[PDB]
Each structure stands twice: as C-alpha cells, then as structure tokens.
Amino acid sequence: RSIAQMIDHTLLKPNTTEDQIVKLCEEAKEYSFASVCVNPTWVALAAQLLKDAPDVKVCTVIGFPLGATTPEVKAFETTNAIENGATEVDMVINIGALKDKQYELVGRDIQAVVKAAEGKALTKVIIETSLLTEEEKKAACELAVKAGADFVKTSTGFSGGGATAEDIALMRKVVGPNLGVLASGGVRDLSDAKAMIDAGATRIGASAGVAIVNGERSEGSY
C-alpha cells in the first residue's frame, strides 16, 4: 500500500510553463501518482510524456475554476480534452444556478460533461464546498449521482477554502460507495491526507504530493 496511488499530482497555475509540466509528469512516473492534473492546454503534452505510464492518468479541468460557463461549452471542452489524451476530467458546477435552486440546470450541466466523457474518461464534480451551505453540498452530490459522475470533489483550490473532514464525511454519506470522494485544496502534508482518508476520501488532490509521500517514507526510516 502507498498513498501516492491516491494522489492527483496537480499544477494549474496560470503561468505554468512547459518545463514545469515535464517535471510534473516525471515526478508522477517516479512516485506512481494516480494522475497528473493540468490545464487543458497541457493535456497533449502530458499524454505524450505518460504514454508508456498506463497507471498514471492524464487529468484536466473543465469550466475551471469558476464553473460559470454554459453546458454546451463544458461538453465541447470535455470532448476536446479527451481527443487530446485526457482520461479524467474535473468539472466545476454552476454554483450560481445551485444557489438559485435551478437544480435541472445544475444536473444538465453535469450530464453534458458525463455524456461527453461516457466510456472514455472519469468525471469528477467539483462542488466548491467553501461557497456552499450544508444543504447545497448535499444537493450537489445528489445531482452528481443522478447525472452519472464518478467522483465528487471538494475544492478548485482557487476559492476561499479547501477540503475539511466534515465535508468529506458529508459527501461520502450522500454518495455512499457508488461514487468516489476527492479531497482537494489545502492538503499539504501526510497528516492532512490521512485525515481526509479517515473521513472517507478515496482520492487526494494536492500539489505537495512529493512531500506527502516522502513523509510517508520517513515513518519507516531511522
């Protein structure tokens, strides 16, 4: 067992350059991370660099990080990403529509991504917990289940807050065993990741994955 297989090696900064993407993918091969998460402009490069690393998936983000574009654009960006080599996509919900109880639009928005990814990529639904009430977190997860998503995910990392154990337990309670639960945003050390795992997370989104795995190895050394 190793925590690295549950970590999405993420780098989504707007000023990210090619040399940083190359290093991220090489780190993913060395540590056997679950995936690399990069912005859609880097999907083609990540897929080429990891073409012989089948256990390391290419993940990208859709309608990210604001989630306030139309369902038609989110589906097009999903299909475009899959053509470029993405096998996982993390979409952001329409938070405003969720605030307005426009549940049919929130679900159709998620379903547009799911339909474009059908049979080709996992879809993770970022509900952006730092912006939701307790009832909205539950409603968003229920819409993700009804839409056929594979994962519910806490945070973009670009909002006010990140993953909390209480949110993860809430999300795991709604989706049960049928969908994965991803803790992202603010997961900085092994203590953070293990707390999310205990709360019910099955995938960790982080940028410090190397420091997290090295902390795991240090528990075995003198």
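Sequential numbering from 1, following the sequence displayed.
According to the PDB record, 23 to 31 carries the higher mean C-alpha B-factor of the two stretches 41 to 49 and 23 to 31. Relative to one another, 141 to 149 and 98 to 106 have unequal mean CA B-factors, and 98 to 106 is the one with the higher figure. The PDB entry assigns its highest CA temperature factor, among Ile62, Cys59, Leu179, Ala195, to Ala195. The maximum CA B-factor among the listed residues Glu128, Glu83, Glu77, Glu88, taken from the PDB record, is found at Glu83. Among the modelled residues of its chain, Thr69 has a C-alpha B-factor that falls in the middle third, as given in the PDB entry.
In the deposited entry, the Cα temperature factor of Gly209 sits in the top third of values across the chain's modelled residues. Among the modelled residues of its chain, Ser155 has a C-alpha B-factor that falls in the lowest third according to the deposited record.
Sort the modelled residues of the chain by CA B factor and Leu190 lands in the highest third.
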